[PDB]
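Beneath this line is the structure, given in structure tokens, with notes to follow.
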Amino acid sequence: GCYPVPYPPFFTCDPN
């Protein structure tokens, strides 16, 4: 699952 974040990178993704 990937969701937006405040701190860069703005793209986050889980290890699963």
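How things are named: the first chain in the structure tokens is A, the next is B, and so on; residues count from 1 in each chain; ligands count from 1 in the order shown.
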Practice task
Pick out the residues sitting within 10 Å of residue A:14, and hand them over as a ChimeraX atom specification; count only C-alpha atoms, and ignore anything fewer than 3 positions along from it in its own chain.
Solution key: /A:1-3
Problem - Picked from chain A by DSSP as strand (DSSP E), as a list in words - result: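 After running DSSP on the backbone, chain A has strand (DSSP E) at residues 2, 3, 4, 11, 12 and 13 of chain A.
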